[PDB]
>>> print(open('protein17.pdb').read())   # PDB, C-alpha atoms and all ligand atoms
ATOM      1  CA  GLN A   1     111.123 104.842 100.430
ATOM      2  CA  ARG A   2     111.308 101.226 101.688
ATOM      3  CA  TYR A   3     107.976 101.463 103.541
ATOM      4  CA  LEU A   4     104.729 102.868 102.153
ATOM      5  CA  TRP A   5     101.198 103.279 103.476
ATOM      6  CA  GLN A   6      98.299 101.354 101.918
ATOM      7  CA  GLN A   7      94.630 101.302 102.987
ATOM      8  CA  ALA A   8      93.082  97.810 103.049
ATOM      9  CA  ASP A   9      90.593  95.864 105.181
ATOM     10  CA  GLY A  10      89.370  99.063 106.854
ATOM     11  CA  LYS A  11      92.703 100.530 108.085
ATOM     12  CA  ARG A  12      95.710 102.334 106.661
ATOM     13  CA  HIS A  13      98.452  99.712 107.067
ATOM     14  CA  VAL A  14     102.146  99.983 106.138
ATOM     15  CA  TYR A  15     103.984  97.555 103.860
ATOM     16  CA  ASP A  16     107.557  96.709 102.916
ATOM     17  CA  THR A  17     108.045  97.593  99.241
ATOM     18  CA  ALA A  18     110.913  95.067  99.098
ATOM     19  CA  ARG A  19     108.420  92.250  99.813
ATOM     20  CA  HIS A  20     105.118  93.336  98.247
ATOM     21  CA  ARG A  21     103.606  94.966  95.229
ATOM     22  CA  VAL A  22     100.123  96.401  95.769
ATOM     23  CA  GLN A  23      97.414  95.383  93.248
ATOM     24  CA  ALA A  24      93.604  95.467  93.486
ATOM     25  CA  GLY A  25      92.107  92.181  94.689
ATOM     26  CA  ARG A  26      95.506  90.716  95.681
ATOM     27  CA  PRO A  27      96.524  90.032  99.315
ATOM     28  CA  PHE A  28      99.627  91.554 100.904
ATOM     29  CA  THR A  29     101.075  91.202 104.403
ATOM     30  CA  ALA A  30     101.391  94.487 106.267
ATOM     31  CA  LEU A  31     104.051  95.349 108.942
ATOM     32  CA  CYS A  32     101.577  94.322 111.640
ATOM     33  CA  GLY A  33     101.576  90.841 110.021
ATOM     34  CA  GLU A  34      97.909  90.993 108.988
ATOM     35  CA  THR A  35      97.165  89.730 105.452
ATOM     36  CA  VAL A  36      94.882  92.260 103.833
ATOM     37  CA  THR A  37      93.360  92.770 100.392
ATOM     38  CA  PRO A  38      92.981  96.269  98.875
ATOM     39  CA  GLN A  39      89.644  96.711  96.956
ATOM     40  CA  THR A  40      88.801  99.481  94.529
ATOM     41  CA  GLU A  41      85.179  99.807  95.783
ATOM     42  CA  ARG A  42      86.579 100.536  99.246
ATOM     43  CA  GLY A  43      88.676 103.404  97.865
ATOM     44  CA  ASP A  44      91.802 101.378  98.611
ATOM     45  CA  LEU A  45      93.345 101.993  95.146
ATOM     46  CA  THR A  46      92.541 105.729  95.100
ATOM     47  CA  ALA A  47      94.760 107.476  97.649
ATOM     48  CA  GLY A  48      92.646 110.647  97.743
ATOM     49  CA  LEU A  49      89.813 108.501  99.175
ATOM     50  CA  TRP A  50      91.772 106.880 102.065
ATOM     51  CA  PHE A  51      89.450 107.773 104.953
ATOM     52  CA  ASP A  52      90.102 104.714 107.250
ATOM     53  CA  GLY A  53      91.995 105.250 110.514
ATOM     54  CA  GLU A  54      95.651 104.212 110.657
ATOM     55  CA  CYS A  55      96.580 100.715 111.755
ATOM     56  CA  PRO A  56      98.055 101.346 115.270
ATOM     57  CA  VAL A  57     100.410  98.328 115.103
ATOM     58  CA  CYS A  58     101.747  99.323 111.655
ATOM     59  CA  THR A  59     102.180 102.948 112.769
ATOM     60  CA  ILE A  60     104.266 102.054 115.795
ATOM     61  CA  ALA A  61     106.175  99.441 113.785
ATOM     62  CA  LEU A  62     107.025 102.007 111.087
ATOM     63  CA  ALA A  63     108.383 104.457 113.688
ATOM     64  CA  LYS A  64     110.511 101.734 115.243
ATOM     65  CA  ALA A  65     111.743 100.786 111.746
ATOM     66  CA  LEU A  66     112.668 104.399 110.995
ATOM     67  CA  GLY A  67     114.810 104.274 114.129
ATOM     68  CA  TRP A  68     112.851 106.530 116.494
ATOM     69  CA  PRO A  69     113.882 106.971 120.171
ATOM     70  CA  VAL A  70     111.647 104.938 122.517
ATOM     71  CA  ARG A  71     110.277 108.098 124.205
ATOM     72  CA  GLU A  72     109.098 109.450 120.834
ATOM     73  CA  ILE A  73     107.552 106.082 119.889
ATOM     74  CA  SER A  74     105.837 106.156 123.264
ATOM     75  CA  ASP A  75     104.281 109.595 122.680
ATOM     76  CA  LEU A  76     103.170 108.280 119.275
ATOM     77  CA  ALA A  77     101.690 105.143 120.856
ATOM     78  CA  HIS A  78      99.699 107.160 123.398
ATOM     79  CA  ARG A  79      97.425 108.630 120.747
ATOM     80  CA  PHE A  80      95.851 105.187 120.046
ATOM     81  CA  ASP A  81      93.413 103.097 122.115
ATOM     82  CA  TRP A  82      95.050  99.736 122.672
ATOM     83  CA  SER A  83      92.859  96.654 122.941
ATOM     84  CA  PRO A  84      94.522  93.549 124.434
ATOM     85  CA  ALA A  85      94.628  91.983 120.929
ATOM     86  CA  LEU A  86      96.452  95.057 119.564
ATOM     87  CA  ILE A  87      98.973  94.880 122.452
ATOM     88  CA  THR A  88      99.588  91.144 121.803
ATOM     89  CA  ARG A  89     100.201  91.715 118.094
ATOM     90  CA  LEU A  90     102.485  94.708 118.639
ATOM     91  CA  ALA A  91     104.367  92.556 121.228
ATOM     92  CA  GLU A  92     104.812  89.949 118.490
ATOM     93  CA  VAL A  93     105.974  92.545 115.955
ATOM     94  CA  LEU A  94     108.424  94.328 118.298
ATOM     95  CA  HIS A  95     109.455  90.878 119.625
ATOM     96  CA  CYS A  96     109.109  92.046 123.217
ATOM     97  CA  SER A  97     106.968  91.026 126.172
ATOM     98  CA  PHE A  98     103.330  92.007 126.652
ATOM     99  CA  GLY A  99     104.320  93.978 129.756
ATOM    100  CA  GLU A 100     106.851  96.043 127.833
ATOM    101  CA  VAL A 101     104.201  96.976 125.255
ATOM    102  CA  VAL A 102     101.798  98.036 128.001
ATOM    103  CA  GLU A 103     104.518 100.328 129.285
ATOM    104  CA  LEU A 104     105.321 101.581 125.816
ATOM    105  CA  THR A 105     101.731 102.335 124.848
ATOM    106  CA  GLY A 106     100.432 103.587 128.189
ATOM    107  CA  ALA A 107      97.612 101.051 127.971
ATOM    108  CA  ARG A 108      95.639 101.031 131.250
ATOM    109  CA  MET A 109      92.952  98.540 132.328
TER     110      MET A 109
HETATM  111 ZN    ZN B 201      98.716  96.979 110.093
END
>>> encode(input="protein17.pdb", output="structure tokens")
Amino acid sequence: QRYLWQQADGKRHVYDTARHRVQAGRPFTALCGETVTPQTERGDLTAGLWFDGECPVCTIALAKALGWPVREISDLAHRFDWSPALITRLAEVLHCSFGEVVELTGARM
């Protein structure tokens, strides 16, 4: 498995095992491009205690990276609430326009 989940900075992010090794107190850069530090006191190093919500940008980015059809990624995207900052970041990660992410994610408003 090239990609694994890892809770850090209050969300379950995904990371590329070819580029990072997870260690307590050490930063890594997740698929969403956020640099995050797992901490033992937050339960980050104990998988049975991962209670944070999933990182929406990492989730969508993982599906895209596993080669999902755009319709399926869209259904997946619809189960998150997308702030404008989340749309912008996903746009940067998918390397597409803001308008295409709005369409993909069903973000209204
Ligand atoms: Zn993330």
>>> closest_residue(input="protein17.pdb", among="A:47, A:94, A:86, A:109", to="ligand ZN 201 (chain B)", atoms="all atoms listed in the file")
A:86
>>> resolve_selection(input="protein17.pdb", expression="the PyMOL selection byres (((not hetatm)) within 12 of (chain B and resi 201))", output="ChimeraX atom specification")
/A:4-16,28-37,52-62,86,89-90,93
>>> axis_aligned_box(input="protein17.pdb", around="stretch 48-51 of chain A", padding_each_side="4 Å", output="JSON")
{"center_x": 91.0, "center_y": 108.8, "center_z": 101.3, "size_x": 11.2, "size_y": 11.8, "size_z": 15.2}
>>> residues_around(input="protein17.pdb", residues="residue A:26", least_positions_apart="3", cutoff="8 Å", atoms="only C-alpha atoms", output="PyMOL selection string")
chain A and resi 22-23+37-38
>>> resolve_selection(input="protein17.pdb", expression="the PyMOL selection byres (((chain A and resi 17) around 8) and not hetatm)", output="list in words")
residues 1, 2, 3, 4, 15, 16, 18, 19, 20 and 21 of chain A
>>> resolve_selection(input="protein17.pdb", expression="the PyMOL selection byres (((chain A and resi 107) around 12) and not hetatm)", output="short mmCIF file (atom, residue, chain, number, x, y, z; two decimals) with C-alpha atoms, in the coordinates of the input")
data_model
loop_
_atom_site.label_atom_id
_atom_site.label_comp_id
_atom_site.auth_asym_id
_atom_site.auth_seq_id
_atom_site.Cartn_x
_atom_site.Cartn_y
_atom_site.Cartn_z
CA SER A 74 105.84 106.16 123.26
CA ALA A 77 101.69 105.14 120.86
CA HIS A 78 99.70 107.16 123.40
CA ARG A 79 97.42 108.63 120.75
CA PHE A 80 95.85 105.19 120.05
CA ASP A 81 93.41 103.10 122.12
CA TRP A 82 95.05 99.74 122.67
CA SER A 83 92.86 96.65 122.94
CA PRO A 84 94.52 93.55 124.43
CA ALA A 85 94.63 91.98 120.93
CA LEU A 86 96.45 95.06 119.56
CA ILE A 87 98.97 94.88 122.45
CA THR A 88 99.59 91.14 121.80
CA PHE A 98 103.33 92.01 126.65
CA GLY A 99 104.32 93.98 129.76
CA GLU A 100 106.85 96.04 127.83
CA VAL A 101 104.20 96.98 125.26
CA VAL A 102 101.80 98.04 128.00
CA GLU A 103 104.52 100.33 129.28
CA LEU A 104 105.32 101.58 125.82
CA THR A 105 101.73 102.34 124.85
CA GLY A 106 100.43 103.59 128.19
CA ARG A 108 95.64 101.03 131.25
CA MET A 109 92.95 98.54 132.33
#
>>> closest_residue(input="protein17.pdb", among="A:64, A:42, A:50, A:25", to="residue A:95", atoms="all atoms listed in the file")
A:64
>>> atom_distance(input="protein17.pdb", atom1="atom CA of residue A:24", atom2="atom CA of residue A:51")
17.3 Å
>>> atom_distance(input="protein17.pdb", atom1="atom CA of residue A:65", atom2="atom CA of residue A:27")
22.4 Å
>>> atom_distance(input="protein17.pdb", atom1="atom CA of residue A:46", atom2="atom CA of residue A:76")
26.5 Å
>>> closest_residue(input="protein17.pdb", among="A:75, A:91, A:40, A:49", to="residue A:63", atoms="all atoms listed in the file")
A:75
